[PDB]
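K.L.:
Just so it is clear, I am handing over structure.cif, which has mmCIF, N, CA and C atoms and all ligand atoms.
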data_target
loop_
_atom_site.label_atom_id
_atom_site.label_comp_id
_atom_site.auth_asym_id
_atom_site.auth_seq_id
_atom_site.Cartn_x
_atom_site.Cartn_y
_atom_site.Cartn_z
N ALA A 260 33.98 -28.61 -17.49
CA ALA A 260 33.36 -28.01 -16.32
C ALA A 260 32.58 -29.05 -15.53
N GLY A 261 32.32 -28.73 -14.27
CA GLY A 261 31.55 -29.61 -13.41
C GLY A 261 30.08 -29.66 -13.77
N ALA A 262 29.23 -29.95 -12.80
CA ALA A 262 27.78 -30.05 -13.00
C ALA A 262 27.04 -29.29 -11.90
N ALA A 263 27.47 -28.06 -11.64
CA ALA A 263 26.91 -27.22 -10.59
C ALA A 263 26.22 -26.01 -11.20
N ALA A 264 25.20 -25.51 -10.50
CA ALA A 264 24.46 -24.33 -10.92
C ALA A 264 24.34 -23.37 -9.75
N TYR A 265 24.16 -22.09 -10.08
CA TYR A 265 23.94 -21.09 -9.05
C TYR A 265 22.99 -20.02 -9.58
N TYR A 266 22.40 -19.31 -8.63
CA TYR A 266 21.34 -18.34 -8.87
C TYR A 266 21.69 -17.06 -8.13
N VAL A 267 21.45 -15.93 -8.79
CA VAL A 267 21.78 -14.61 -8.24
C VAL A 267 20.52 -13.76 -8.26
N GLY A 268 20.15 -13.24 -7.08
CA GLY A 268 19.07 -12.28 -6.97
C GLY A 268 19.57 -11.06 -6.21
N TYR A 269 18.82 -9.97 -6.32
CA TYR A 269 19.23 -8.69 -5.76
C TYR A 269 18.26 -8.26 -4.68
N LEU A 270 18.79 -7.99 -3.49
CA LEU A 270 17.98 -7.52 -2.38
C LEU A 270 17.48 -6.11 -2.65
N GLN A 271 16.29 -5.82 -2.14
CA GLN A 271 15.67 -4.51 -2.25
C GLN A 271 15.07 -4.14 -0.90
N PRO A 272 14.87 -2.84 -0.63
CA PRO A 272 14.28 -2.46 0.66
C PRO A 272 12.81 -2.81 0.72
N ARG A 273 12.45 -3.78 1.56
CA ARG A 273 11.09 -4.28 1.65
C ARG A 273 10.70 -4.47 3.10
N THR A 274 9.40 -4.41 3.35
CA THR A 274 8.81 -4.75 4.64
C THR A 274 8.32 -6.19 4.60
N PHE A 275 8.59 -6.92 5.68
CA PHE A 275 8.29 -8.34 5.77
C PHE A 275 7.61 -8.62 7.10
N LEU A 276 6.77 -9.65 7.12
CA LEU A 276 6.12 -10.13 8.34
C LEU A 276 6.55 -11.58 8.55
N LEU A 277 7.36 -11.82 9.58
CA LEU A 277 7.95 -13.12 9.85
C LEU A 277 7.21 -13.78 11.00
N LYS A 278 7.21 -15.12 11.01
CA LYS A 278 6.52 -15.91 12.03
C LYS A 278 7.54 -16.80 12.73
N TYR A 279 7.80 -16.52 14.00
CA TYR A 279 8.67 -17.35 14.83
C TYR A 279 7.81 -18.39 15.54
N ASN A 280 8.15 -19.67 15.35
CA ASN A 280 7.39 -20.77 15.91
C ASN A 280 7.78 -20.98 17.38
N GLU A 281 7.33 -22.09 17.96
CA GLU A 281 7.57 -22.34 19.38
C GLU A 281 9.05 -22.54 19.68
N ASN A 282 9.78 -23.20 18.78
CA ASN A 282 11.19 -23.49 18.99
C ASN A 282 12.11 -22.36 18.55
N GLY A 283 11.57 -21.25 18.05
CA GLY A 283 12.37 -20.08 17.76
C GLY A 283 12.97 -20.03 16.37
N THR A 284 12.45 -20.81 15.43
CA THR A 284 12.90 -20.79 14.04
C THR A 284 11.82 -20.16 13.18
N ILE A 285 12.22 -19.25 12.30
CA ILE A 285 11.27 -18.62 11.39
C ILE A 285 10.75 -19.68 10.44
N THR A 286 9.46 -20.00 10.55
CA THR A 286 8.84 -21.04 9.73
C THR A 286 8.08 -20.50 8.53
N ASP A 287 7.73 -19.21 8.52
CA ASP A 287 6.98 -18.65 7.41
C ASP A 287 7.14 -17.14 7.42
N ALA A 288 6.90 -16.54 6.26
CA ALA A 288 6.98 -15.09 6.12
C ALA A 288 6.01 -14.63 5.05
N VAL A 289 5.64 -13.36 5.14
CA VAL A 289 4.74 -12.70 4.20
C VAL A 289 5.44 -11.46 3.68
N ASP A 290 5.49 -11.33 2.35
CA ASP A 290 6.11 -10.19 1.68
C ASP A 290 5.08 -9.09 1.57
N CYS A 291 5.10 -8.16 2.53
CA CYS A 291 4.28 -6.97 2.43
C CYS A 291 4.64 -6.23 1.15
N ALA A 292 3.61 -5.75 0.44
CA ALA A 292 3.74 -5.04 -0.84
C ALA A 292 4.02 -5.98 -2.01
N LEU A 293 3.64 -7.25 -1.91
CA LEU A 293 3.72 -8.18 -3.03
C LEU A 293 2.44 -8.21 -3.85
N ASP A 294 1.29 -8.25 -3.18
CA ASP A 294 -0.01 -8.31 -3.84
C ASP A 294 -1.05 -7.87 -2.83
N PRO A 295 -2.30 -7.61 -3.27
CA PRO A 295 -3.32 -7.14 -2.31
C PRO A 295 -3.55 -8.08 -1.14
N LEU A 296 -3.48 -9.40 -1.35
CA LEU A 296 -3.69 -10.32 -0.24
C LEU A 296 -2.58 -10.17 0.81
N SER A 297 -1.32 -10.20 0.37
CA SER A 297 -0.22 -9.97 1.29
C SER A 297 -0.28 -8.57 1.87
N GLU A 298 -0.82 -7.61 1.12
CA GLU A 298 -0.96 -6.26 1.64
C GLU A 298 -1.94 -6.22 2.81
N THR A 299 -3.06 -6.94 2.70
CA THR A 299 -3.99 -7.03 3.82
C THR A 299 -3.37 -7.77 4.99
N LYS A 300 -2.65 -8.85 4.72
CA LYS A 300 -1.96 -9.56 5.80
C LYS A 300 -0.99 -8.63 6.52
N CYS A 301 -0.28 -7.80 5.76
CA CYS A 301 0.62 -6.81 6.33
C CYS A 301 -0.14 -5.79 7.18
N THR A 302 -1.28 -5.32 6.68
CA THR A 302 -2.03 -4.28 7.38
C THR A 302 -2.64 -4.81 8.68
N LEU A 303 -3.16 -6.03 8.66
CA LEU A 303 -3.84 -6.62 9.81
C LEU A 303 -2.92 -7.39 10.74
N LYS A 304 -1.64 -7.56 10.39
CA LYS A 304 -0.67 -8.27 11.23
C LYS A 304 -1.13 -9.70 11.51
N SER A 305 -1.45 -10.43 10.45
CA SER A 305 -1.86 -11.82 10.58
C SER A 305 -1.56 -12.56 9.29
N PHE A 306 -1.38 -13.88 9.41
CA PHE A 306 -1.16 -14.75 8.26
C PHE A 306 -2.44 -15.34 7.70
N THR A 307 -3.60 -15.02 8.28
CA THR A 307 -4.89 -15.42 7.74
C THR A 307 -5.83 -14.23 7.79
N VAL A 308 -6.72 -14.16 6.81
CA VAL A 308 -7.73 -13.11 6.71
C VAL A 308 -9.09 -13.77 6.57
N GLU A 309 -10.05 -13.32 7.37
CA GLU A 309 -11.41 -13.83 7.28
C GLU A 309 -12.09 -13.28 6.03
N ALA B 713 -66.32 17.25 29.70
CA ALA B 713 -66.25 17.81 28.36
C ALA B 713 -65.98 16.67 27.39
N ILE B 714 -66.88 16.48 26.44
CA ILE B 714 -66.82 15.40 25.46
C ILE B 714 -66.59 16.02 24.09
N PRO B 715 -65.62 15.55 23.30
CA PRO B 715 -65.48 16.09 21.94
C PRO B 715 -66.69 15.76 21.08
N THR B 716 -66.99 16.67 20.15
CA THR B 716 -68.07 16.50 19.18
C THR B 716 -67.57 16.52 17.74
N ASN B 717 -66.26 16.48 17.53
CA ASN B 717 -65.67 16.50 16.20
C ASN B 717 -64.22 16.06 16.36
N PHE B 718 -63.48 16.04 15.25
CA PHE B 718 -62.09 15.61 15.29
C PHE B 718 -61.33 16.21 14.12
N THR B 719 -60.01 16.13 14.22
CA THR B 719 -59.10 16.51 13.15
C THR B 719 -58.08 15.39 12.96
N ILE B 720 -57.67 15.20 11.71
CA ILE B 720 -56.70 14.17 11.35
C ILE B 720 -55.39 14.90 11.09
N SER B 721 -54.53 14.93 12.10
CA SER B 721 -53.29 15.70 12.05
C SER B 721 -52.14 14.82 11.60
N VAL B 722 -51.37 15.29 10.63
CA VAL B 722 -50.20 14.58 10.12
C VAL B 722 -48.96 15.32 10.60
N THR B 723 -48.16 14.65 11.42
CA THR B 723 -46.96 15.21 12.02
C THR B 723 -45.73 14.57 11.40
N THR B 724 -44.73 15.38 11.09
CA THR B 724 -43.49 14.91 10.49
C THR B 724 -42.40 14.92 11.55
N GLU B 725 -41.73 13.78 11.73
CA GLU B 725 -40.55 13.72 12.59
C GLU B 725 -39.40 13.03 11.86
N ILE B 726 -38.21 13.59 12.01
CA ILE B 726 -37.01 13.14 11.31
C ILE B 726 -36.08 12.49 12.32
N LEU B 727 -35.48 11.37 11.93
CA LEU B 727 -34.56 10.62 12.79
C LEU B 727 -33.32 10.28 11.98
N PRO B 728 -32.12 10.68 12.41
CA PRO B 728 -30.91 10.19 11.73
C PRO B 728 -30.71 8.70 11.96
N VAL B 729 -30.44 7.98 10.88
CA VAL B 729 -30.31 6.54 10.92
C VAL B 729 -28.85 6.10 10.81
N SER B 730 -28.03 6.82 10.07
CA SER B 730 -26.64 6.45 9.86
C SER B 730 -25.83 7.73 9.69
N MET B 731 -24.51 7.57 9.65
CA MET B 731 -23.60 8.67 9.34
C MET B 731 -22.60 8.18 8.30
N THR B 732 -21.84 9.12 7.76
CA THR B 732 -20.92 8.80 6.67
C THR B 732 -19.85 7.83 7.15
N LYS B 733 -19.78 6.68 6.50
CA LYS B 733 -18.69 5.75 6.76
C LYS B 733 -17.37 6.39 6.33
N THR B 734 -16.33 6.16 7.11
CA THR B 734 -15.03 6.76 6.86
C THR B 734 -13.93 5.74 7.12
N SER B 735 -12.82 5.91 6.41
CA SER B 735 -11.63 5.09 6.58
C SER B 735 -10.43 6.01 6.59
N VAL B 736 -9.39 5.60 7.31
CA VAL B 736 -8.19 6.40 7.50
C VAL B 736 -6.97 5.53 7.22
N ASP B 737 -6.00 6.10 6.51
CA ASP B 737 -4.72 5.47 6.24
C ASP B 737 -3.67 6.13 7.12
N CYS B 738 -3.17 5.39 8.12
CA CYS B 738 -2.11 5.92 8.97
C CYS B 738 -0.90 6.35 8.16
N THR B 739 -0.44 5.50 7.25
CA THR B 739 0.86 5.71 6.63
C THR B 739 0.88 7.02 5.85
N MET B 740 -0.14 7.27 5.03
CA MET B 740 -0.14 8.46 4.19
C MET B 740 -0.70 9.68 4.90
N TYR B 741 -1.32 9.52 6.07
CA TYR B 741 -1.69 10.68 6.88
C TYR B 741 -0.52 11.17 7.72
N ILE B 742 0.09 10.27 8.50
CA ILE B 742 1.18 10.65 9.38
C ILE B 742 2.45 10.89 8.57
N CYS B 743 2.92 9.85 7.89
CA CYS B 743 4.17 9.86 7.14
C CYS B 743 3.84 9.92 5.66
N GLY B 744 3.52 11.12 5.18
CA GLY B 744 2.82 11.34 3.92
C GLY B 744 3.22 10.47 2.75
N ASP B 745 4.43 10.65 2.23
CA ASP B 745 4.95 9.75 1.21
C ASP B 745 6.45 9.48 1.36
N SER B 746 7.02 9.72 2.54
CA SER B 746 8.45 9.54 2.78
C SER B 746 8.70 8.18 3.40
N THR B 747 9.70 7.46 2.87
CA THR B 747 10.05 6.16 3.43
C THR B 747 10.73 6.28 4.79
N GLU B 748 11.52 7.34 4.99
CA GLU B 748 12.23 7.50 6.26
C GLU B 748 11.26 7.60 7.43
N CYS B 749 10.18 8.35 7.26
CA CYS B 749 9.18 8.45 8.31
C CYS B 749 8.41 7.15 8.47
N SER B 750 8.04 6.50 7.36
CA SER B 750 7.23 5.29 7.44
C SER B 750 7.98 4.16 8.12
N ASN B 751 9.31 4.12 7.99
CA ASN B 751 10.08 3.12 8.72
C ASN B 751 9.94 3.33 10.22
N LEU B 752 9.98 4.59 10.67
CA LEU B 752 9.81 4.89 12.09
C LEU B 752 8.40 4.58 12.58
N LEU B 753 7.42 4.48 11.68
CA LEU B 753 6.04 4.23 12.07
C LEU B 753 5.74 2.74 12.26
N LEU B 754 6.67 1.85 11.89
CA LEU B 754 6.41 0.42 12.05
C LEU B 754 6.25 0.03 13.51
N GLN B 755 7.07 0.59 14.39
CA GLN B 755 6.99 0.24 15.80
C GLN B 755 5.67 0.67 16.43
N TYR B 756 4.97 1.64 15.84
CA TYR B 756 3.65 2.06 16.29
C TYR B 756 2.52 1.37 15.53
N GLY B 757 2.85 0.36 14.71
CA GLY B 757 1.84 -0.26 13.85
C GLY B 757 0.65 -0.79 14.62
N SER B 758 0.91 -1.37 15.80
CA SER B 758 -0.16 -1.87 16.66
C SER B 758 -1.23 -0.82 16.88
N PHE B 759 -0.81 0.42 17.16
CA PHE B 759 -1.77 1.50 17.39
C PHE B 759 -2.71 1.65 16.21
N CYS B 760 -2.17 1.65 14.99
CA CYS B 760 -3.04 1.72 13.82
C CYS B 760 -3.91 0.49 13.68
N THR B 761 -3.39 -0.69 14.01
CA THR B 761 -4.24 -1.87 14.01
C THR B 761 -5.42 -1.70 14.96
N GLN B 762 -5.25 -0.89 16.01
CA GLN B 762 -6.38 -0.49 16.83
C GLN B 762 -7.29 0.47 16.07
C1 LIG C 1 10.59 -28.35 18.98
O1 LIG C 1 11.69 -28.88 19.88
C2 LIG C 1 11.24 -30.05 20.64
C3 LIG C 1 12.40 -30.57 21.46
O2 LIG C 1 13.05 -29.50 22.08
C4 LIG C 1 10.71 -31.15 19.72
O3 LIG C 1 10.15 -32.19 20.52
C5 LIG C 1 9.66 -30.64 18.77
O4 LIG C 1 9.37 -31.68 17.81
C6 LIG C 1 10.09 -29.41 18.04
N1 LIG C 1 8.90 -28.87 17.27
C7 LIG C 1 9.11 -28.15 16.00
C8 LIG C 1 7.92 -27.61 15.23
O5 LIG C 1 10.20 -28.00 15.58
#
I need this file expressed as structure tokens, please.
P.N.:
Amino acid sequence: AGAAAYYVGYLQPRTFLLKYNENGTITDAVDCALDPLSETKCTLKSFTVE
Amino acid sequence: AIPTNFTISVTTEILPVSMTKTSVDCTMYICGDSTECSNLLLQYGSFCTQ
């Protein structure tokens, strides 16, 4: 056999908060419903919380 | 007319200082526990952020 590896994950219905930069490429995302911090980011619609 | 005596009157006055703090969850108030409704509520998320 060769020397290649692959990984398999399963999509699930989730809410996400994506960030489109100036040039129009998604540079970052937040997984709403991952943890309380991401939950607050989801609720407040921001990637930073004071 | 000049007073010749006095009384020491104690008056009680009540002032409300605060009221019950309250918080509201849009998702479970409007779209109680159904995912189909909550998906439709994403486009109105800004309103809840208000
Ligand atoms: C965005 O594109 C411009 C050229 O069109 C380039 O100068 C700039 O470095 C790019 N910035 C990012 C964050 O990609």
K.L.:
Would you mind reading off the distance between atom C6 of ligand LIG 1 (chain C) and atom N of residue 277 of chain A, one decimal, in Å?
P.N.:
19.7 Å
K.L.:
Which protein, DNA or RNA residues have an atom within 7 Å of ligand LIG 1 (chain C), counting only C-alpha atoms and all ligand atoms, as a PyMOL selection string?
P.N.:
chain A and resi 280-282
K.L.:
Apply DSSP to the backbone of this structure and, from chain A, keep only the residues in strand (DSSP E); write these as a PyMOL selection string.
P.N.:
chain A and resi 275-279+285-290
K.L.:
Could you save those same residues with N, CA and C atoms as a short mmCIF file (atom, residue, chain, number, x, y, z; two decimals), in the frame of the given file?
P.N.:
data_model
loop_
_atom_site.label_atom_id
_atom_site.label_comp_id
_atom_site.auth_asym_id
_atom_site.auth_seq_id
_atom_site.Cartn_x
_atom_site.Cartn_y
_atom_site.Cartn_z
N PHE A 275 8.59 -6.92 5.68
CA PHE A 275 8.29 -8.34 5.77
C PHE A 275 7.61 -8.62 7.10
N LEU A 276 6.77 -9.65 7.12
CA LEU A 276 6.12 -10.13 8.34
C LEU A 276 6.55 -11.58 8.55
N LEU A 277 7.36 -11.82 9.58
CA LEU A 277 7.95 -13.12 9.85
C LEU A 277 7.21 -13.78 11.00
N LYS A 278 7.21 -15.12 11.01
CA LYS A 278 6.52 -15.91 12.03
C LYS A 278 7.54 -16.80 12.73
N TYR A 279 7.80 -16.52 14.00
CA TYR A 279 8.67 -17.35 14.83
C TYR A 279 7.81 -18.39 15.54
N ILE A 285 12.22 -19.25 12.30
CA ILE A 285 11.27 -18.62 11.39
C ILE A 285 10.75 -19.68 10.44
N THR A 286 9.46 -20.00 10.55
CA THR A 286 8.84 -21.04 9.73
C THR A 286 8.08 -20.50 8.53
N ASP A 287 7.73 -19.21 8.52
CA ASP A 287 6.98 -18.65 7.41
C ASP A 287 7.14 -17.14 7.42
N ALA A 288 6.90 -16.54 6.26
CA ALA A 288 6.98 -15.09 6.12
C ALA A 288 6.01 -14.63 5.05
N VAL A 289 5.64 -13.36 5.14
CA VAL A 289 4.74 -12.70 4.20
C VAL A 289 5.44 -11.46 3.68
N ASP A 290 5.49 -11.33 2.35
CA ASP A 290 6.11 -10.19 1.68
C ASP A 290 5.08 -9.09 1.57
#
K.L.:
What are the residues of chain B that have an atom within 8 Å of an atom of chain A, counting all atoms listed in the file, as a list in words?
P.N.:
residues 757, 760 and 761 of chain B
K.L.:
Please run DSSP on the backbone and report, as a PDB file with N, CA and C atoms, keeping the file's coordinate frame, all residues within chain A that come out as helix (DSSP H, G or I).
P.N.:
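Okay, out.pdb is ready:
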ATOM      1  N   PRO A 295      -2.300  -7.610  -3.270  1.00  0.00           N
ATOM      2  CA  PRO A 295      -3.320  -7.140  -2.310  1.00  0.00           C
ATOM      3  C   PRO A 295      -3.550  -8.080  -1.140  1.00  0.00           C
ATOM      4  N   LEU A 296      -3.480  -9.400  -1.350  1.00  0.00           N
ATOM      5  CA  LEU A 296      -3.690 -10.320  -0.240  1.00  0.00           C
ATOM      6  C   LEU A 296      -2.580 -10.170   0.810  1.00  0.00           C
ATOM      7  N   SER A 297      -1.320 -10.200   0.370  1.00  0.00           N
ATOM      8  CA  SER A 297      -0.220  -9.970   1.290  1.00  0.00           C
ATOM      9  C   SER A 297      -0.280  -8.570   1.870  1.00  0.00           C
ATOM     10  N   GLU A 298      -0.820  -7.610   1.120  1.00  0.00           N
ATOM     11  CA  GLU A 298      -0.960  -6.260   1.640  1.00  0.00           C
ATOM     12  C   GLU A 298      -1.940  -6.220   2.810  1.00  0.00           C
ATOM     13  N   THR A 299      -3.060  -6.940   2.700  1.00  0.00           N
ATOM     14  CA  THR A 299      -3.990  -7.030   3.820  1.00  0.00           C
ATOM     15  C   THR A 299      -3.370  -7.770   4.990  1.00  0.00           C
ATOM     16  N   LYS A 300      -2.650  -8.850   4.720  1.00  0.00           N
ATOM     17  CA  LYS A 300      -1.960  -9.560   5.800  1.00  0.00           C
ATOM     18  C   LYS A 300      -0.990  -8.630   6.520  1.00  0.00           C
ATOM     19  N   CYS A 301      -0.280  -7.800   5.760  1.00  0.00           N
ATOM     20  CA  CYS A 301       0.620  -6.810   6.330  1.00  0.00           C
ATOM     21  C   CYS A 301      -0.140  -5.790   7.180  1.00  0.00           C
ATOM     22  N   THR A 302      -1.280  -5.320   6.680  1.00  0.00           N
ATOM     23  CA  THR A 302      -2.030  -4.280   7.380  1.00  0.00           C
ATOM     24  C   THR A 302      -2.640  -4.810   8.680  1.00  0.00           C
ATOM     25  N   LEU A 303      -3.160  -6.030   8.660  1.00  0.00           N
ATOM     26  CA  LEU A 303      -3.840  -6.620   9.810  1.00  0.00           C
ATOM     27  C   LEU A 303      -2.920  -7.390  10.740  1.00  0.00           C
TER      28      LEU A 303
END
K.L.:
Restricting the calculation to all atoms listed in the file, which member of A:285, A:290, A:295, A:301 is positioned closest to residue 273 of chain A?
P.N.:
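Closest to residue 273 of chain A, using all atoms listed in the file: A:290.
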K.L.:
Please report the interatomic distance between atom CA of residue 753 of chain B and atom CA of residue 741 of chain B in Å with one decimal.
P.N.:
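That distance, rounded to one decimal, is 11.3 Å.
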K.L.:
So how far away is atom C of residue 268 of chain A from atom N of residue 308 of chain A, in Å?
P.N.:
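Answer for the atom N of residue 308 of chain A to atom C of residue 268 of chain A separation: 29.5 Å.
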K.L.:
Can you report as lines of an AutoDock Vina configuration file the centre and edge lengths in Å, to one decimal, of an axis-aligned box around the listed atoms of segment 713-732 of chain B padded with 3 Å on each side?
P.N.:
center_x = -44.0
center_y = 12.0
center_z = 18.2
size_x = 54.2
size_y = 17.7
size_z = 29.0
K.L.:
Skip segment 727-740 of chain B itself and residues of its chain fewer than 5 positions away, then list as a short mmCIF file (atom, residue, chain, number, x, y, z; two decimals) with N, CA and C atoms, keeping the file's coordinate frame all residues within 12 Å of it, counting only C-alpha atoms.
P.N.:
data_model
loop_
_atom_site.label_atom_id
_atom_site.label_comp_id
_atom_site.auth_asym_id
_atom_site.auth_seq_id
_atom_site.Cartn_x
_atom_site.Cartn_y
_atom_site.Cartn_z
N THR A 302 -1.28 -5.32 6.68
CA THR A 302 -2.03 -4.28 7.38
C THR A 302 -2.64 -4.81 8.68
N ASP B 745 4.43 10.65 2.23
CA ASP B 745 4.95 9.75 1.21
C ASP B 745 6.45 9.48 1.36
N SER B 746 7.02 9.72 2.54
CA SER B 746 8.45 9.54 2.78
C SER B 746 8.70 8.18 3.40
N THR B 747 9.70 7.46 2.87
CA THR B 747 10.05 6.16 3.43
C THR B 747 10.73 6.28 4.79
N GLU B 748 11.52 7.34 4.99
CA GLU B 748 12.23 7.50 6.26
C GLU B 748 11.26 7.60 7.43
N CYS B 749 10.18 8.35 7.26
CA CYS B 749 9.18 8.45 8.31
C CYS B 749 8.41 7.15 8.47
N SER B 750 8.04 6.50 7.36
CA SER B 750 7.23 5.29 7.44
C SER B 750 7.98 4.16 8.12
N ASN B 751 9.31 4.12 7.99
CA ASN B 751 10.08 3.12 8.72
C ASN B 751 9.94 3.33 10.22
N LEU B 752 9.98 4.59 10.67
CA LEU B 752 9.81 4.89 12.09
C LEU B 752 8.40 4.58 12.58
N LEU B 753 7.42 4.48 11.68
CA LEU B 753 6.04 4.23 12.07
C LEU B 753 5.74 2.74 12.26
N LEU B 754 6.67 1.85 11.89
CA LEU B 754 6.41 0.42 12.05
C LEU B 754 6.25 0.03 13.51
N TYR B 756 4.97 1.64 15.84
CA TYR B 756 3.65 2.06 16.29
C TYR B 756 2.52 1.37 15.53
N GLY B 757 2.85 0.36 14.71
CA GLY B 757 1.84 -0.26 13.85
C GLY B 757 0.65 -0.79 14.62
N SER B 758 0.91 -1.37 15.80
CA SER B 758 -0.16 -1.87 16.66
C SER B 758 -1.23 -0.82 16.88
N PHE B 759 -0.81 0.42 17.16
CA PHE B 759 -1.77 1.50 17.39
C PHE B 759 -2.71 1.65 16.21
N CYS B 760 -2.17 1.65 14.99
CA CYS B 760 -3.04 1.72 13.82
C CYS B 760 -3.91 0.49 13.68
N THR B 761 -3.39 -0.69 14.01
CA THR B 761 -4.24 -1.87 14.01
C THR B 761 -5.42 -1.70 14.96
N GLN B 762 -5.25 -0.89 16.01
CA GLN B 762 -6.38 -0.49 16.83
C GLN B 762 -7.29 0.47 16.07
#
